[PDB]
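**Q** File name target19.json; file contents JSON, N, CA, C and O atoms; full text below.
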```json
[["chain", "number", "residue", "atom", "x", "y", "z"],
["A", 1, "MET", "N", -95.00, -51.81, -9.78],
["A", 1, "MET", "CA", -94.13, -50.66, -10.10],
["A", 1, "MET", "C", -92.66, -51.13, -9.98],
["A", 1, "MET", "O", -92.36, -52.13, -9.38],
["A", 2, "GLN", "N", -91.77, -50.28, -10.38],
["A", 2, "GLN", "CA", -90.36, -50.22, -10.17],
["A", 2, "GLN", "C", -89.77, -48.83, -10.25],
["A", 2, "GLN", "O", -90.11, -48.10, -11.19],
["A", 3, "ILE", "N", -88.75, -48.55, -9.47],
["A", 3, "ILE", "CA", -88.05, -47.26, -9.57],
["A", 3, "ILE", "C", -86.55, -47.54, -9.45],
["A", 3, "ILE", "O", -86.10, -48.66, -9.24],
["A", 4, "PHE", "N", -85.74, -46.50, -9.53],
["A", 4, "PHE", "CA", -84.30, -46.67, -9.39],
["A", 4, "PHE", "C", -83.82, -45.77, -8.28],
["A", 4, "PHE", "O", -84.35, -44.68, -8.06],
["A", 5, "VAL", "N", -82.80, -46.23, -7.58],
["A", 5, "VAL", "CA", -82.21, -45.48, -6.49],
["A", 5, "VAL", "C", -80.76, -45.30, -6.88],
["A", 5, "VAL", "O", -80.21, -46.12, -7.61],
["A", 6, "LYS", "N", -80.13, -44.23, -6.42],
["A", 6, "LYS", "CA", -78.73, -44.00, -6.75],
["A", 6, "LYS", "C", -77.83, -43.73, -5.56],
["A", 6, "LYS", "O", -78.23, -43.09, -4.57],
["A", 7, "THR", "N", -76.60, -44.21, -5.67],
["A", 7, "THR", "CA", -75.57, -44.03, -4.64],
["A", 7, "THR", "C", -74.44, -43.22, -5.27],
["A", 7, "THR", "O", -74.07, -43.47, -6.42],
["A", 8, "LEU", "N", -73.90, -42.26, -4.52],
["A", 8, "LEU", "CA", -72.81, -41.43, -5.03],
["A", 8, "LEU", "C", -71.73, -42.36, -5.59],
["A", 8, "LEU", "O", -71.08, -42.05, -6.59],
["A", 9, "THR", "N", -71.56, -43.51, -4.92],
["A", 9, "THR", "CA", -70.59, -44.53, -5.31],
["A", 9, "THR", "C", -70.93, -45.03, -6.72],
["A", 9, "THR", "O", -70.38, -46.03, -7.19],
["A", 10, "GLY", "N", -71.84, -44.31, -7.39],
["A", 10, "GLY", "CA", -72.27, -44.68, -8.72],
["A", 10, "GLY", "C", -73.40, -45.68, -8.66],
["A", 10, "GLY", "O", -74.44, -45.53, -9.31],
["A", 11, "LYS", "N", -73.28, -46.80, -7.85],
["A", 11, "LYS", "CA", -74.08, -47.88, -7.54],
["A", 11, "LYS", "C", -75.59, -47.51, -7.70],
["A", 11, "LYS", "O", -76.18, -46.74, -6.99],
["A", 12, "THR", "N", -76.14, -48.04, -8.81],
["A", 12, "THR", "CA", -77.57, -47.85, -9.15],
["A", 12, "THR", "C", -78.32, -49.14, -8.89],
["A", 12, "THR", "O", -78.26, -50.14, -9.64],
["A", 13, "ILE", "N", -79.20, -49.06, -7.92],
["A", 13, "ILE", "CA", -80.03, -50.26, -7.58],
["A", 13, "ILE", "C", -81.44, -49.97, -8.05],
["A", 13, "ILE", "O", -81.85, -48.79, -8.05],
["A", 14, "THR", "N", -82.21, -50.99, -8.24],
["A", 14, "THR", "CA", -83.63, -50.81, -8.65],
["A", 14, "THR", "C", -84.47, -51.08, -7.41],
["A", 14, "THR", "O", -83.95, -51.72, -6.49],
["A", 15, "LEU", "N", -85.75, -50.89, -7.48],
["A", 15, "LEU", "CA", -86.51, -51.30, -6.34],
["A", 15, "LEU", "C", -87.92, -51.65, -6.81],
["A", 15, "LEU", "O", -88.40, -50.98, -7.75],
["A", 16, "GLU", "N", -88.61, -52.44, -6.03],
["A", 16, "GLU", "CA", -90.05, -52.63, -6.31],
["A", 16, "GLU", "C", -90.82, -51.85, -5.25],
["A", 16, "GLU", "O", -90.44, -51.82, -4.08],
["A", 17, "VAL", "N", -91.84, -51.22, -5.77],
["A", 17, "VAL", "CA", -92.63, -50.30, -4.92],
["A", 17, "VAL", "C", -94.06, -50.33, -5.38],
["A", 17, "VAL", "O", -94.42, -50.79, -6.46],
["A", 18, "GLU", "N", -94.80, -49.74, -4.51],
["A", 18, "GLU", "CA", -96.22, -49.56, -4.79],
["A", 18, "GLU", "C", -96.47, -48.06, -4.91],
["A", 18, "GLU", "O", -95.81, -47.27, -4.24],
["A", 19, "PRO", "N", -97.41, -47.65, -5.79],
["A", 19, "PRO", "CA", -97.74, -46.23, -5.99],
["A", 19, "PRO", "C", -97.87, -45.44, -4.69],
["A", 19, "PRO", "O", -97.39, -44.31, -4.57],
["A", 20, "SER", "N", -98.53, -46.05, -3.72],
["A", 20, "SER", "CA", -98.79, -45.43, -2.44],
["A", 20, "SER", "C", -97.76, -45.70, -1.34],
["A", 20, "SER", "O", -98.00, -45.37, -0.18],
["A", 21, "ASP", "N", -96.62, -46.30, -1.69],
["A", 21, "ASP", "CA", -95.56, -46.59, -0.73],
["A", 21, "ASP", "C", -95.04, -45.28, -0.13],
["A", 21, "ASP", "O", -94.87, -44.30, -0.85],
["A", 22, "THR", "N", -94.79, -45.25, 1.17],
["A", 22, "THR", "CA", -94.28, -44.05, 1.83],
["A", 22, "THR", "C", -92.76, -43.98, 1.70],
["A", 22, "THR", "O", -92.13, -44.98, 1.35],
["A", 23, "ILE", "N", -92.18, -42.81, 1.97],
["A", 23, "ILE", "CA", -90.73, -42.66, 1.88],
["A", 23, "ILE", "C", -90.06, -43.49, 2.98],
["A", 23, "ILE", "O", -88.93, -43.94, 2.84],
["A", 24, "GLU", "N", -90.79, -43.67, 4.08],
["A", 24, "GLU", "CA", -90.29, -44.46, 5.19],
["A", 24, "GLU", "C", -90.23, -45.90, 4.69],
["A", 24, "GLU", "O", -89.37, -46.69, 5.10],
["A", 25, "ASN", "N", -91.16, -46.23, 3.80],
["A", 25, "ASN", "CA", -91.26, -47.54, 3.18],
["A", 25, "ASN", "C", -90.20, -47.76, 2.13],
["A", 25, "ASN", "O", -89.73, -48.88, 1.94],
["A", 26, "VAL", "N", -89.84, -46.70, 1.42],
["A", 26, "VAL", "CA", -88.81, -46.81, 0.40],
["A", 26, "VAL", "C", -87.49, -46.98, 1.15],
["A", 26, "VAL", "O", -86.64, -47.77, 0.75],
["A", 27, "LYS", "N", -87.35, -46.25, 2.25],
["A", 27, "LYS", "CA", -86.15, -46.32, 3.07],
["A", 27, "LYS", "C", -85.97, -47.71, 3.67],
["A", 27, "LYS", "O", -84.85, -48.17, 3.86],
["A", 28, "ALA", "N", -87.08, -48.36, 3.96],
["A", 28, "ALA", "CA", -87.04, -49.69, 4.55],
["A", 28, "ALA", "C", -86.50, -50.69, 3.53],
["A", 28, "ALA", "O", -85.81, -51.65, 3.90],
["A", 29, "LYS", "N", -86.80, -50.47, 2.26],
["A", 29, "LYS", "CA", -86.34, -51.36, 1.20],
["A", 29, "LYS", "C", -84.86, -51.11, 0.92],
["A", 29, "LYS", "O", -84.14, -52.01, 0.49],
["A", 30, "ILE", "N", -84.44, -49.86, 1.14],
["A", 30, "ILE", "CA", -83.02, -49.50, 0.95],
["A", 30, "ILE", "C", -82.24, -50.16, 2.09],
["A", 30, "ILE", "O", -81.17, -50.69, 1.88],
["A", 31, "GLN", "N", -82.79, -50.04, 3.29],
["A", 31, "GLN", "CA", -82.12, -50.63, 4.47],
["A", 31, "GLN", "C", -81.95, -52.11, 4.24],
["A", 31, "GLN", "O", -80.93, -52.73, 4.56],
["A", 32, "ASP", "N", -82.96, -52.72, 3.59],
["A", 32, "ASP", "CA", -82.74, -54.15, 3.24],
["A", 32, "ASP", "C", -81.60, -54.34, 2.28],
["A", 32, "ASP", "O", -80.87, -55.34, 2.38],
["A", 33, "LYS", "N", -81.51, -53.50, 1.24],
["A", 33, "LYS", "CA", -80.46, -53.78, 0.22],
["A", 33, "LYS", "C", -79.08, -53.26, 0.57],
["A", 33, "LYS", "O", -78.06, -53.90, 0.36],
["A", 34, "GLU", "N", -79.05, -52.03, 1.07],
["A", 34, "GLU", "CA", -77.80, -51.36, 1.41],
["A", 34, "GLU", "C", -77.55, -51.37, 2.91],
["A", 34, "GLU", "O", -76.55, -50.86, 3.38],
["A", 35, "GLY", "N", -78.48, -51.97, 3.65],
["A", 35, "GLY", "CA", -78.33, -52.05, 5.09],
["A", 35, "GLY", "C", -78.10, -50.72, 5.78],
["A", 35, "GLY", "O", -77.64, -50.69, 6.92],
["A", 36, "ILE", "N", -78.41, -49.62, 5.09],
["A", 36, "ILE", "CA", -78.22, -48.29, 5.66],
["A", 36, "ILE", "C", -79.46, -47.87, 6.44],
["A", 36, "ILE", "O", -80.57, -47.93, 5.92],
["A", 37, "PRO", "N", -79.28, -47.45, 7.71],
["A", 37, "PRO", "CA", -80.38, -47.02, 8.58],
["A", 37, "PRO", "C", -81.24, -45.95, 7.91],
["A", 37, "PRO", "O", -80.71, -45.00, 7.31],
["A", 38, "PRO", "N", -82.58, -46.09, 7.98],
["A", 38, "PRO", "CA", -83.54, -45.15, 7.39],
["A", 38, "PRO", "C", -83.41, -43.73, 7.92],
["A", 38, "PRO", "O", -83.79, -42.77, 7.26],
["A", 39, "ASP", "N", -82.88, -43.60, 9.13],
["A", 39, "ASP", "CA", -82.71, -42.29, 9.72],
["A", 39, "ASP", "C", -81.41, -41.64, 9.27],
["A", 39, "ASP", "O", -81.15, -40.47, 9.56],
["A", 40, "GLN", "N", -80.59, -42.41, 8.55],
["A", 40, "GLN", "CA", -79.33, -41.92, 8.03],
["A", 40, "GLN", "C", -79.50, -41.86, 6.52],
["A", 40, "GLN", "O", -78.54, -41.70, 5.77],
["A", 41, "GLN", "N", -80.74, -42.02, 6.09],
["A", 41, "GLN", "CA", -81.09, -42.01, 4.69],
["A", 41, "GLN", "C", -81.85, -40.75, 4.32],
["A", 41, "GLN", "O", -82.76, -40.34, 5.03],
["A", 42, "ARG", "N", -81.46, -40.13, 3.22],
["A", 42, "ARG", "CA", -82.12, -38.94, 2.71],
["A", 42, "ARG", "C", -82.33, -39.21, 1.22],
["A", 42, "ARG", "O", -81.37, -39.51, 0.50],
["A", 43, "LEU", "N", -83.57, -39.16, 0.77],
["A", 43, "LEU", "CA", -83.87, -39.41, -0.63],
["A", 43, "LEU", "C", -84.23, -38.14, -1.37],
["A", 43, "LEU", "O", -84.97, -37.31, -0.87],
["A", 44, "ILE", "N", -83.68, -38.01, -2.57],
["A", 44, "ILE", "CA", -83.95, -36.84, -3.39],
["A", 44, "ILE", "C", -84.62, -37.26, -4.70],
["A", 44, "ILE", "O", -84.12, -38.15, -5.41],
["A", 45, "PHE", "N", -85.76, -36.65, -5.00],
["A", 45, "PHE", "CA", -86.44, -36.94, -6.25],
["A", 45, "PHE", "C", -86.37, -35.72, -7.16],
["A", 45, "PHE", "O", -87.07, -34.72, -6.92],
["A", 46, "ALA", "N", -85.54, -35.81, -8.19],
["A", 46, "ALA", "CA", -85.37, -34.71, -9.13],
["A", 46, "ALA", "C", -85.06, -33.42, -8.37],
["A", 46, "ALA", "O", -85.75, -32.41, -8.54],
["A", 47, "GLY", "N", -84.03, -33.47, -7.54],
["A", 47, "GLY", "CA", -83.64, -32.30, -6.77],
["A", 47, "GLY", "C", -84.54, -31.92, -5.60],
["A", 47, "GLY", "O", -84.48, -30.79, -5.12],
["A", 48, "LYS", "N", -85.36, -32.86, -5.14],
["A", 48, "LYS", "CA", -86.25, -32.60, -4.01],
["A", 48, "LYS", "C", -86.01, -33.63, -2.93],
["A", 48, "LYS", "O", -86.13, -34.82, -3.17],
["A", 49, "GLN", "N", -85.66, -33.17, -1.73],
["A", 49, "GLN", "CA", -85.43, -34.09, -0.63],
["A", 49, "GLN", "C", -86.81, -34.53, -0.15],
["A", 49, "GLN", "O", -87.58, -33.72, 0.38],
["A", 50, "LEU", "N", -87.11, -35.82, -0.32],
["A", 50, "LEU", "CA", -88.40, -36.40, 0.05],
["A", 50, "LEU", "C", -88.66, -36.52, 1.55],
["A", 50, "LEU", "O", -87.78, -36.88, 2.33],
["A", 51, "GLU", "N", -89.91, -36.24, 1.94],
["A", 51, "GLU", "CA", -90.36, -36.30, 3.32],
["A", 51, "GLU", "C", -90.91, -37.69, 3.70],
["A", 51, "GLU", "O", -91.88, -38.17, 3.10],
["A", 52, "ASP", "N", -90.29, -38.32, 4.69],
["A", 52, "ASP", "CA", -90.65, -39.66, 5.17],
["A", 52, "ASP", "C", -92.13, -40.01, 5.24],
["A", 52, "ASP", "O", -92.52, -41.14, 4.94],
["A", 53, "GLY", "N", -92.95, -39.05, 5.64],
["A", 53, "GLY", "CA", -94.38, -39.30, 5.76],
["A", 53, "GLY", "C", -95.18, -39.40, 4.48],
["A", 53, "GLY", "O", -96.09, -40.22, 4.39],
["A", 54, "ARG", "N", -94.86, -38.56, 3.50],
["A", 54, "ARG", "CA", -95.58, -38.56, 2.23],
["A", 54, "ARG", "C", -95.29, -39.81, 1.38],
["A", 54, "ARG", "O", -94.33, -40.53, 1.62],
["A", 55, "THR", "N", -96.15, -40.05, 0.40],
["A", 55, "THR", "CA", -96.00, -41.22, -0.44],
["A", 55, "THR", "C", -95.48, -40.90, -1.84],
["A", 55, "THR", "O", -95.52, -39.76, -2.27],
["A", 56, "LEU", "N", -94.96, -41.92, -2.53],
["A", 56, "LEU", "CA", -94.42, -41.75, -3.87],
["A", 56, "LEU", "C", -95.40, -41.00, -4.77],
["A", 56, "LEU", "O", -95.00, -40.25, -5.66],
["A", 57, "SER", "N", -96.69, -41.21, -4.53],
["A", 57, "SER", "CA", -97.74, -40.57, -5.30],
["A", 57, "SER", "C", -97.75, -39.07, -5.08],
["A", 57, "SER", "O", -97.87, -38.29, -6.02],
["A", 58, "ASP", "N", -97.63, -38.66, -3.82],
["A", 58, "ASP", "CA", -97.59, -37.25, -3.52],
["A", 58, "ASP", "C", -96.50, -36.60, -4.39],
["A", 58, "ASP", "O", -96.80, -35.74, -5.21],
["A", 59, "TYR", "N", -95.25, -37.05, -4.25],
["A", 59, "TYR", "CA", -94.15, -36.49, -5.04],
["A", 59, "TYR", "C", -94.19, -36.89, -6.51],
["A", 59, "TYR", "O", -93.17, -36.80, -7.21],
["A", 60, "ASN", "N", -95.36, -37.32, -6.97],
["A", 60, "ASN", "CA", -95.54, -37.72, -8.36],
["A", 60, "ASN", "C", -94.37, -38.56, -8.90],
["A", 60, "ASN", "O", -93.87, -38.32, -10.00],
["A", 61, "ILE", "N", -93.92, -39.52, -8.10],
["A", 61, "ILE", "CA", -92.84, -40.41, -8.51],
["A", 61, "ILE", "C", -93.54, -41.60, -9.17],
["A", 61, "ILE", "O", -94.24, -42.37, -8.50],
["A", 62, "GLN", "N", -93.37, -41.72, -10.48],
["A", 62, "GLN", "CA", -94.00, -42.79, -11.25],
["A", 62, "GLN", "C", -93.00, -43.90, -11.53],
["A", 62, "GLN", "O", -91.85, -43.83, -11.09],
["A", 63, "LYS", "N", -93.44, -44.92, -12.25],
["A", 63, "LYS", "CA", -92.57, -46.04, -12.61],
["A", 63, "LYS", "C", -91.30, -45.53, -13.30],
["A", 63, "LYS", "O", -91.33, -44.53, -14.03],
["A", 64, "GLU", "N", -90.20, -46.23, -13.07],
["A", 64, "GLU", "CA", -88.93, -45.85, -13.68],
["A", 64, "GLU", "C", -88.37, -44.50, -13.24],
["A", 64, "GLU", "O", -87.47, -43.96, -13.89],
["A", 65, "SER", "N", -88.88, -43.95, -12.14],
["A", 65, "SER", "CA", -88.36, -42.68, -11.63],
["A", 65, "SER", "C", -87.08, -42.98, -10.83],
["A", 65, "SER", "O", -86.90, -44.09, -10.32],
["A", 66, "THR", "N", -86.21, -41.98, -10.71],
["A", 66, "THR", "CA", -84.95, -42.14, -10.00],
["A", 66, "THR", "C", -84.83, -41.26, -8.78],
["A", 66, "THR", "O", -85.09, -40.06, -8.83],
["A", 67, "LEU", "N", -84.43, -41.87, -7.67],
["A", 67, "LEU", "CA", -84.24, -41.14, -6.43],
["A", 67, "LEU", "C", -82.76, -41.27, -6.13],
["A", 67, "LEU", "O", -82.15, -42.31, -6.39],
["A", 68, "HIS", "N", -82.17, -40.20, -5.62],
["A", 68, "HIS", "CA", -80.75, -40.22, -5.28],
["A", 68, "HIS", "C", -80.63, -40.36, -3.77],
["A", 68, "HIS", "O", -81.23, -39.59, -3.03],
["A", 69, "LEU", "N", -79.85, -41.35, -3.33],
["A", 69, "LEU", "CA", -79.65, -41.59, -1.91],
["A", 69, "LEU", "C", -78.54, -40.75, -1.30],
["A", 69, "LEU", "O", -77.39, -40.80, -1.74],
["A", 70, "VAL", "N", -78.91, -39.98, -0.28],
["A", 70, "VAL", "CA", -77.99, -39.12, 0.44],
["A", 70, "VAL", "C", -78.00, -39.57, 1.90],
["A", 70, "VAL", "O", -79.07, -39.80, 2.47],
["A", 71, "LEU", "N", -76.82, -39.71, 2.50],
["A", 71, "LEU", "CA", -76.74, -40.17, 3.87],
["A", 71, "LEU", "C", -76.45, -39.07, 4.90],
["A", 71, "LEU", "O", -75.45, -38.36, 4.80],
["A", 72, "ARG", "N", -77.34, -38.95, 5.87],
["A", 72, "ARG", "CA", -77.17, -37.98, 6.94],
["A", 72, "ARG", "C", -76.60, -38.74, 8.13],
["A", 72, "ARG", "O", -77.13, -38.70, 9.24],
["A", 73, "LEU", "N", -75.51, -39.47, 7.87],
["A", 73, "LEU", "CA", -74.85, -40.26, 8.90],
["A", 73, "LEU", "C", -73.52, -39.62, 9.24],
["A", 73, "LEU", "O", -73.18, -38.63, 8.56]]
```
Before anything else, please render the file you have as structure tokens.
**A**
Amino acid sequence: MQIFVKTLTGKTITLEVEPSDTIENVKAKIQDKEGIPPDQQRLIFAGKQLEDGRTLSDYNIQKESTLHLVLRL
């Protein structure tokens, strides 16, 4: 798979993921790229703030889907 993540700073990064990857897992990949703590990370999928425990599959996030990164820091 692949998806896209977005930063208010415009900054659009891509990511590699697995269908069953958790949001905590997506956050871990963001922390790698943007070095931003997962607990200061809030992901939104098409206007929905994603829950750390559920997986990309639950939120029906398929390939090429875009999540917007919001920081609760």
**Q** For a quick check of understanding, using only C-alpha atoms, which of A:56, A:48, A:38, A:68 has the smallest distance to residue 14 of chain A?
**A**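 Smallest distance to residue 14 of chain A is found for A:68.
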**Q** Give me, please, the distance in Å between atom CA of residue 11 of chain A and atom C of residue 60 of chain A, quoted to one decimal.
**A** 22.4 Å
**Q** Residues within 6 Å of residue 21 of chain A, please, as a list in words. Count only N, CA, C and O atoms; anything in the same chain fewer than 6 positions from it doesn't count.
**A**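 Final neighbour list, sorted by chain and number: residues 54, 55, 56 and 57 of chain A.
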**Q** Output the selection as a PDB file, in the frame of the given file - N, CA, C and O atoms for each residue.
**A**
```
ATOM      1  N   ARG A  54     -94.860 -38.560   3.500  1.00  0.00           N
ATOM      2  CA  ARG A  54     -95.580 -38.560   2.230  1.00  0.00           C
ATOM      3  C   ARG A  54     -95.290 -39.810   1.380  1.00  0.00           C
ATOM      4  O   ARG A  54     -94.330 -40.530   1.620  1.00  0.00           O
ATOM      5  N   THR A  55     -96.150 -40.050   0.400  1.00  0.00           N
ATOM      6  CA  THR A  55     -96.000 -41.220  -0.440  1.00  0.00           C
ATOM      7  C   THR A  55     -95.480 -40.900  -1.840  1.00  0.00           C
ATOM      8  O   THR A  55     -95.520 -39.760  -2.270  1.00  0.00           O
ATOM      9  N   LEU A  56     -94.960 -41.920  -2.530  1.00  0.00           N
ATOM     10  CA  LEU A  56     -94.420 -41.750  -3.870  1.00  0.00           C
ATOM     11  C   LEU A  56     -95.400 -41.000  -4.770  1.00  0.00           C
ATOM     12  O   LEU A  56     -95.000 -40.250  -5.660  1.00  0.00           O
ATOM     13  N   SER A  57     -96.690 -41.210  -4.530  1.00  0.00           N
ATOM     14  CA  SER A  57     -97.740 -40.570  -5.300  1.00  0.00           C
ATOM     15  C   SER A  57     -97.750 -39.070  -5.080  1.00  0.00           C
ATOM     16  O   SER A  57     -97.870 -38.290  -6.020  1.00  0.00           O
TER      17      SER A  57
END
```
**Q** For residue 61 of chain A, which of A:3, A:13, A:26, A:43 is the closest residue, counting only N, CA, C and O atoms?
**A**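 With only N, CA, C and O atoms as the atom set, the closest residue is A:3.
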**Q** So which residues fall inside 6 Å of (-91.3, -44.9, -10.2) if we count only N, CA, C and O atoms? Mind giving them as a compact mmCIF listing (two decimals) with N, CA, C and O atoms, in the coordinates of the input?
**A**
```txt
# COMPACT_ATOMS: atom_id res chain seq x y z
N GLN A 2 -91.77 -50.28 -10.38
CA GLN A 2 -90.36 -50.22 -10.17
C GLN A 2 -89.77 -48.83 -10.25
O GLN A 2 -90.11 -48.10 -11.19
N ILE A 3 -88.75 -48.55 -9.47
CA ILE A 3 -88.05 -47.26 -9.57
C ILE A 3 -86.55 -47.54 -9.45
O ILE A 3 -86.10 -48.66 -9.24
N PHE A 4 -85.74 -46.50 -9.53
CA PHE A 4 -84.30 -46.67 -9.39
C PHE A 4 -83.82 -45.77 -8.28
O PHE A 4 -84.35 -44.68 -8.06
N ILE A 61 -93.92 -39.52 -8.10
CA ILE A 61 -92.84 -40.41 -8.51
C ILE A 61 -93.54 -41.60 -9.17
O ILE A 61 -94.24 -42.37 -8.50
N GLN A 62 -93.37 -41.72 -10.48
CA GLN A 62 -94.00 -42.79 -11.25
C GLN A 62 -93.00 -43.90 -11.53
O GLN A 62 -91.85 -43.83 -11.09
N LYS A 63 -93.44 -44.92 -12.25
CA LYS A 63 -92.57 -46.04 -12.61
C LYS A 63 -91.30 -45.53 -13.30
O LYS A 63 -91.33 -44.53 -14.03
N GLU A 64 -90.20 -46.23 -13.07
CA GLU A 64 -88.93 -45.85 -13.68
C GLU A 64 -88.37 -44.50 -13.24
O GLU A 64 -87.47 -43.96 -13.89
N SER A 65 -88.88 -43.95 -12.14
CA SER A 65 -88.36 -42.68 -11.63
C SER A 65 -87.08 -42.98 -10.83
O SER A 65 -86.90 -44.09 -10.32
N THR A 66 -86.21 -41.98 -10.71
CA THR A 66 -84.95 -42.14 -10.00
C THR A 66 -84.83 -41.26 -8.78
O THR A 66 -85.09 -40.06 -8.83
```
